[PDB]
$ cat my_file-v6.cif   # mmCIF, C-alpha atoms
data_upload
#
loop_
_atom_site.group_PDB
_atom_site.id
_atom_site.type_symbol
_atom_site.label_atom_id
_atom_site.label_comp_id
_atom_site.auth_asym_id
_atom_site.auth_seq_id
_atom_site.Cartn_x
_atom_site.Cartn_y
_atom_site.Cartn_z
ATOM 1 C CA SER A 22 120.832 232.936 -51.005
ATOM 2 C CA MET A 23 124.131 231.339 -50.838
ATOM 3 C CA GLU A 24 122.650 228.321 -48.959
ATOM 4 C CA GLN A 25 120.213 227.753 -51.929
ATOM 5 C CA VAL A 26 123.140 227.807 -54.356
ATOM 6 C CA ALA A 27 125.076 225.298 -52.306
ATOM 7 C CA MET A 28 122.026 222.980 -52.212
ATOM 8 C CA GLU A 29 121.739 223.406 -55.986
ATOM 9 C CA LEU A 30 125.381 222.484 -56.453
ATOM 10 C CA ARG A 31 124.862 219.290 -54.354
ATOM 11 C CA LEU A 32 121.852 218.393 -56.631
ATOM 12 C CA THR A 33 123.975 218.982 -59.701
ATOM 13 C CA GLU A 34 126.717 216.786 -58.425
ATOM 14 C CA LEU A 35 124.192 214.009 -57.472
ATOM 15 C CA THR A 36 122.849 214.318 -61.029
ATOM 16 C CA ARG A 37 126.370 213.748 -62.391
ATOM 17 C CA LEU A 38 126.845 210.669 -60.292
ATOM 18 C CA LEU A 39 123.303 209.289 -61.191
ATOM 19 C CA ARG A 40 124.064 209.836 -64.880
ATOM 20 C CA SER A 41 127.163 207.640 -64.581
ATOM 21 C CA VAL A 42 125.069 205.051 -62.600
ATOM 22 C CA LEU A 43 122.337 205.151 -65.283
ATOM 23 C CA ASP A 44 124.916 204.493 -68.003
ATOM 24 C CA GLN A 45 126.412 201.627 -66.186
ATOM 25 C CA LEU A 46 122.940 200.030 -65.551
ATOM 26 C CA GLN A 47 121.813 200.498 -69.123
ATOM 27 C CA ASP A 48 124.951 198.730 -70.347
ATOM 28 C CA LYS A 49 123.608 195.691 -68.519
ATOM 29 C CA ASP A 50 120.651 195.666 -71.020
ATOM 30 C CA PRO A 51 122.475 195.105 -74.224
ATOM 31 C CA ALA A 52 119.300 193.892 -75.993
ATOM 32 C CA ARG A 53 117.712 197.356 -75.294
ATOM 33 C CA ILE A 54 114.605 195.664 -73.903
ATOM 34 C CA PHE A 55 114.232 198.441 -71.283
ATOM 35 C CA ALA A 56 115.343 201.401 -73.390
ATOM 36 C CA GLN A 57 111.985 202.864 -74.248
ATOM 37 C CA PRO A 58 108.368 202.900 -72.854
ATOM 38 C CA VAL A 59 106.198 199.924 -73.620
ATOM 39 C CA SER A 60 104.151 201.088 -76.633
ATOM 40 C CA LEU A 61 100.364 201.344 -75.962
ATOM 41 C CA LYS A 62 99.845 201.047 -79.681
ATOM 42 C CA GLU A 63 101.554 197.608 -79.598
ATOM 43 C CA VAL A 64 100.427 196.469 -76.062
ATOM 44 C CA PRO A 65 97.019 198.166 -75.773
ATOM 45 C CA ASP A 66 96.059 196.528 -72.478
ATOM 46 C CA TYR A 67 99.369 197.455 -70.748
ATOM 47 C CA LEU A 68 97.999 200.028 -68.305
ATOM 48 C CA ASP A 69 95.330 197.579 -67.130
ATOM 49 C CA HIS A 70 98.262 195.456 -65.831
ATOM 50 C CA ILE A 71 100.990 197.936 -64.924
ATOM 51 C CA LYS A 72 100.035 201.068 -63.063
ATOM 52 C CA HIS A 73 103.399 202.912 -63.066
ATOM 53 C CA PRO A 74 105.301 202.097 -66.336
ATOM 54 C CA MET A 75 109.001 202.943 -66.397
ATOM 55 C CA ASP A 76 111.934 202.700 -68.823
ATOM 56 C CA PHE A 77 115.468 204.037 -69.233
ATOM 57 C CA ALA A 78 114.463 206.920 -71.574
ATOM 58 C CA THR A 79 111.883 208.146 -69.120
ATOM 59 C CA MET A 80 114.454 207.996 -66.269
ATOM 60 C CA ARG A 81 116.988 209.904 -68.425
ATOM 61 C CA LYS A 82 114.372 212.721 -68.991
ATOM 62 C CA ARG A 83 113.808 212.996 -65.246
ATOM 63 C CA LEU A 84 117.526 212.940 -64.531
ATOM 64 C CA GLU A 85 118.306 215.740 -67.003
ATOM 65 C CA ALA A 86 115.733 217.948 -65.374
ATOM 66 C CA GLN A 87 117.519 217.197 -62.045
ATOM 67 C CA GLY A 88 114.368 215.423 -60.953
ATOM 68 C CA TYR A 89 115.981 212.856 -58.618
ATOM 69 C CA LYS A 90 116.597 214.436 -55.161
ATOM 70 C CA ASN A 91 118.315 211.389 -53.695
ATOM 71 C CA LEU A 92 119.471 207.891 -54.717
ATOM 72 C CA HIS A 93 116.321 206.263 -53.202
ATOM 73 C CA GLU A 94 114.138 208.023 -55.785
ATOM 74 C CA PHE A 95 116.388 206.852 -58.649
ATOM 75 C CA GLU A 96 116.411 203.281 -57.344
ATOM 76 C CA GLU A 97 112.631 203.329 -57.065
ATOM 77 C CA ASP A 98 112.369 204.036 -60.826
ATOM 78 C CA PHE A 99 114.978 201.357 -61.671
ATOM 79 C CA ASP A 100 113.111 198.778 -59.590
ATOM 80 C CA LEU A 101 109.886 199.664 -61.467
ATOM 81 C CA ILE A 102 111.579 198.753 -64.753
ATOM 82 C CA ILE A 103 112.443 195.304 -63.407
ATOM 83 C CA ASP A 104 109.390 194.669 -61.326
ATOM 84 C CA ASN A 105 106.855 195.727 -64.028
ATOM 85 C CA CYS A 106 108.515 193.345 -66.504
ATOM 86 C CA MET A 107 108.563 190.426 -64.083
ATOM 87 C CA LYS A 108 104.803 190.823 -63.534
ATOM 88 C CA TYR A 109 103.650 191.283 -67.114
ATOM 89 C CA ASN A 110 105.900 188.664 -68.637
ATOM 90 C CA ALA A 111 106.118 184.976 -67.688
ATOM 91 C CA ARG A 112 109.261 183.221 -66.409
ATOM 92 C CA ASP A 113 109.898 181.454 -69.675
ATOM 93 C CA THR A 114 110.264 184.664 -71.693
ATOM 94 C CA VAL A 115 113.294 186.577 -72.942
ATOM 95 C CA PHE A 116 111.752 189.689 -71.303
ATOM 96 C CA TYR A 117 111.518 188.233 -67.774
ATOM 97 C CA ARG A 118 114.938 186.686 -68.080
ATOM 98 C CA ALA A 119 116.450 190.037 -69.244
ATOM 99 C CA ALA A 120 114.970 191.680 -66.177
ATOM 100 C CA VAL A 121 116.496 189.100 -63.830
ATOM 101 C CA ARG A 122 119.900 189.620 -65.377
ATOM 102 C CA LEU A 123 119.550 193.425 -65.177
ATOM 103 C CA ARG A 124 118.493 193.196 -61.518
ATOM 104 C CA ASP A 125 121.435 190.917 -60.616
ATOM 105 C CA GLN A 126 124.063 192.902 -62.494
ATOM 106 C CA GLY A 127 122.645 196.266 -61.476
ATOM 107 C CA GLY A 128 122.790 195.309 -57.733
ATOM 108 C CA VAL A 129 126.573 195.450 -57.862
ATOM 109 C CA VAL A 130 126.566 198.976 -59.388
ATOM 110 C CA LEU A 131 123.976 200.257 -56.977
ATOM 111 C CA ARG A 132 125.802 198.888 -53.934
ATOM 112 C CA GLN A 133 128.827 201.084 -54.677
ATOM 113 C CA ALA A 134 126.682 204.065 -55.741
ATOM 114 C CA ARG A 135 125.150 204.080 -52.291
ATOM 115 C CA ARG A 136 128.582 204.100 -50.655
ATOM 116 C CA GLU A 137 129.659 207.093 -52.949
ATOM 117 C CA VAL A 138 126.530 209.090 -52.260
ATOM 118 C CA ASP A 139 126.988 208.589 -48.475
ATOM 119 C CA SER A 140 130.768 209.141 -48.616
ATOM 120 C CA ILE A 141 130.751 212.419 -50.717
ATOM 121 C CA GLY A 142 127.478 213.478 -48.971
#

$ encode --input "my_file-v6.cif" --output "structure tokens"
Amino acid sequence: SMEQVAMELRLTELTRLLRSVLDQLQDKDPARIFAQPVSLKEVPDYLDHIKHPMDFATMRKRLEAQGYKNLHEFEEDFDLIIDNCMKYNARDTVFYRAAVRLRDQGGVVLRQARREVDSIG
């Protein structure tokens, strides 16, 4: 149907906008601390601590399959990156501190993303 095409075009355009958002957030992690999944070879107990691991590569895979239907879903995954790290790692660590800085800098980006998603529809 034509309605199904139009809905698909909207999803494609959301995907474009979320790819630009993802790039902008990942620039706020210049150490690449959040770039890849925590390795279960290197942190064998990780899944005893963190039940829903997340990282920028995993989000990029979902995004390229058009697997985010709305901005809320995308933000959920970004918050997992931050929140998982702030639980597993202590305050005095470069990991925790990287997550704080990513959260604070990412807030700005996400605030305007929400306005764009609402504005363009």

$ atom_distance --input "my_file-v6.cif" --atom1 "atom CA of residue 96 of chain A" --atom2 "atom CA of residue 112 of chain A"
23.1 Å

$ resolve_selection --input "my_file-v6.cif" --expression "the PyMOL selection byres ((chain A and resi 78) around 9)" --output "ChimeraX atom specification"
/A:55-58,75-77,79-83

$ resolve_selection --input "my_file-v6.cif" --expression "the PyMOL selection byres ((chain A and resi 90) around 10)" --output "PyMOL selection string"
chain A and resi 31-33+35-36+84+87-89+91-95

$ residues_around --input "my_file-v6.cif" --residues "residue 103 of chain A" --least-positions-apart "5" --cutoff "9 Å" --atoms "only C-alpha atoms" --output "list in words"
residues 55, 75, 108, 117, 119, 120, 121, 123 and 124 of chain A

$ write_last_selection --input "my_file-v6.cif" --atoms "C-alpha atoms" --output "CSV table (one decimal), keeping the file's coordinate frame"
chain,number,residue,atom,x,y,z
A,55,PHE,CA,114.2,198.4,-71.3
A,75,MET,CA,109.0,202.9,-66.4
A,108,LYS,CA,104.8,190.8,-63.5
A,117,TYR,CA,111.5,188.2,-67.8
A,119,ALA,CA,116.4,190.0,-69.2
A,120,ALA,CA,115.0,191.7,-66.2
A,121,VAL,CA,116.5,189.1,-63.8
A,123,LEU,CA,119.6,193.4,-65.2
A,124,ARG,CA,118.5,193.2,-61.5

$ atom_distance --input "my_file-v6.cif" --atom1 "atom CA of residue 128 of chain A" --atom2 "atom CA of residue 86 of chain A"
24.9 Å

$ closest_residue --input "my_file-v6.cif" --among "A:26, A:52, A:68, A:46" --to "residue 100 of chain A" --atoms "only C-alpha atoms"
A:46

$ atom_distance --input "my_file-v6.cif" --atom1 "atom CA of residue 43 of chain A" --atom2 "atom CA of residue 107 of chain A"
20.2 Å

$ closest_residue --input "my_file-v6.cif" --among "A:59, A:99, A:111, A:85" --to "residue 71 of chain A" --atoms "only C-alpha atoms"
A:59

$ closest_residue --input "my_file-v6.cif" --among "A:54, A:138, A:64, A:131" --to "residue 118 of chain A" --atoms "all atoms listed in the file"
A:54

$ closest_residue --input "my_file-v6.cif" --among "A:115, A:73, A:23, A:134" --to "residue 45 of chain A" --atoms "all atoms listed in the file"
A:134

$ build_atoms --input "my_file-v6.cif" --residues "segment 79-100 of chain A" --atoms "N, CA, C and O atoms" --output "mmCIF file, in the coordinates of the input"
data_model
loop_
_atom_site.group_PDB
_atom_site.id
_atom_site.type_symbol
_atom_site.label_atom_id
_atom_site.label_comp_id
_atom_site.auth_asym_id
_atom_site.auth_seq_id
_atom_site.Cartn_x
_atom_site.Cartn_y
_atom_site.Cartn_z
ATOM 1 N N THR A 79 112.691 207.356 -69.997
ATOM 2 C CA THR A 79 111.883 208.146 -69.120
ATOM 3 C C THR A 79 112.750 208.553 -67.920
ATOM 4 O O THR A 79 112.657 209.711 -67.448
ATOM 5 N N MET A 80 113.575 207.645 -67.411
ATOM 6 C CA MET A 80 114.454 207.996 -66.269
ATOM 7 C C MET A 80 115.469 209.094 -66.734
ATOM 8 O O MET A 80 115.772 210.048 -65.986
ATOM 9 N N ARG A 81 115.969 208.972 -67.937
ATOM 10 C CA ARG A 81 116.988 209.904 -68.425
ATOM 11 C C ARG A 81 116.367 211.306 -68.511
ATOM 12 O O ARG A 81 117.082 212.331 -68.217
ATOM 13 N N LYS A 82 115.118 211.407 -68.968
ATOM 14 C CA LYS A 82 114.372 212.721 -68.991
ATOM 15 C C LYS A 82 114.261 213.342 -67.585
ATOM 16 O O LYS A 82 114.579 214.529 -67.377
ATOM 17 N N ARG A 83 113.869 212.541 -66.635
ATOM 18 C CA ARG A 83 113.808 212.996 -65.246
ATOM 19 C C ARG A 83 115.179 213.415 -64.718
ATOM 20 O O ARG A 83 115.304 214.479 -64.082
ATOM 21 N N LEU A 84 116.182 212.655 -65.001
ATOM 22 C CA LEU A 84 117.526 212.940 -64.531
ATOM 23 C C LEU A 84 118.022 214.271 -65.086
ATOM 24 O O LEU A 84 118.574 215.075 -64.349
ATOM 25 N N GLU A 85 117.795 214.513 -66.368
ATOM 26 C CA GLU A 85 118.306 215.740 -67.003
ATOM 27 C C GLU A 85 117.604 217.014 -66.562
ATOM 28 O O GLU A 85 118.183 218.088 -66.635
ATOM 29 N N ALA A 86 116.418 216.901 -66.019
ATOM 30 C CA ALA A 86 115.733 217.948 -65.374
ATOM 31 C C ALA A 86 116.104 218.048 -63.876
ATOM 32 O O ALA A 86 115.338 218.661 -63.080
ATOM 33 N N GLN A 87 117.182 217.334 -63.496
ATOM 34 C CA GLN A 87 117.519 217.197 -62.045
ATOM 35 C C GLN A 87 116.360 216.811 -61.158
ATOM 36 O O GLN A 87 116.165 217.340 -60.032
ATOM 37 N N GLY A 88 115.522 215.828 -61.616
ATOM 38 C CA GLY A 88 114.368 215.423 -60.953
ATOM 39 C C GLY A 88 114.502 214.277 -59.929
ATOM 40 O O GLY A 88 113.551 213.927 -59.279
ATOM 41 N N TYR A 89 115.719 213.788 -59.734
ATOM 42 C CA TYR A 89 115.981 212.856 -58.618
ATOM 43 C C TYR A 89 116.713 213.624 -57.447
ATOM 44 O O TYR A 89 117.858 213.942 -57.588
ATOM 45 N N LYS A 90 116.031 213.702 -56.353
ATOM 46 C CA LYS A 90 116.597 214.436 -55.161
ATOM 47 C C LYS A 90 117.559 213.611 -54.347
ATOM 48 O O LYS A 90 118.382 214.169 -53.592
ATOM 49 N N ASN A 91 117.460 212.272 -54.447
ATOM 50 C CA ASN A 91 118.315 211.389 -53.695
ATOM 51 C C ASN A 91 118.398 210.054 -54.472
ATOM 52 O O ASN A 91 117.692 209.877 -55.491
ATOM 53 N N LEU A 92 119.296 209.203 -54.046
ATOM 54 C CA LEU A 92 119.471 207.891 -54.717
ATOM 55 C C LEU A 92 118.244 207.020 -54.545
ATOM 56 O O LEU A 92 117.923 206.209 -55.500
ATOM 57 N N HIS A 93 117.530 207.079 -53.425
ATOM 58 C CA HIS A 93 116.321 206.263 -53.202
ATOM 59 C C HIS A 93 115.312 206.465 -54.328
ATOM 60 O O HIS A 93 114.724 205.498 -54.840
ATOM 61 N N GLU A 94 115.096 207.714 -54.708
ATOM 62 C CA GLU A 94 114.138 208.023 -55.785
ATOM 63 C C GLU A 94 114.533 207.390 -57.137
ATOM 64 O O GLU A 94 113.650 206.918 -57.877
ATOM 65 N N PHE A 95 115.811 207.419 -57.450
ATOM 66 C CA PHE A 95 116.388 206.852 -58.649
ATOM 67 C C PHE A 95 116.210 205.339 -58.593
ATOM 68 O O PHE A 95 115.748 204.698 -59.555
ATOM 69 N N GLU A 96 116.596 204.746 -57.472
ATOM 70 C CA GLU A 96 116.411 203.281 -57.344
ATOM 71 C C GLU A 96 114.973 202.851 -57.445
ATOM 72 O O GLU A 96 114.705 201.747 -57.968
ATOM 73 N N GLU A 97 114.052 203.648 -56.955
ATOM 74 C CA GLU A 97 112.631 203.329 -57.065
ATOM 75 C C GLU A 97 112.212 203.119 -58.542
ATOM 76 O O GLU A 97 111.530 202.094 -58.875
ATOM 77 N N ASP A 98 112.675 204.042 -59.377
ATOM 78 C CA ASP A 98 112.369 204.036 -60.826
ATOM 79 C C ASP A 98 113.056 202.816 -61.452
ATOM 80 O O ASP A 98 112.440 202.102 -62.261
ATOM 81 N N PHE A 99 114.328 202.561 -61.114
ATOM 82 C CA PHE A 99 114.978 201.357 -61.671
ATOM 83 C C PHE A 99 114.277 200.066 -61.265
ATOM 84 O O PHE A 99 114.007 199.176 -62.101
ATOM 85 N N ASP A 100 113.843 199.986 -60.047
ATOM 86 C CA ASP A 100 113.111 198.778 -59.590
ATOM 87 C C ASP A 100 111.784 198.648 -60.314
ATOM 88 O O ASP A 100 111.384 197.509 -60.580
#
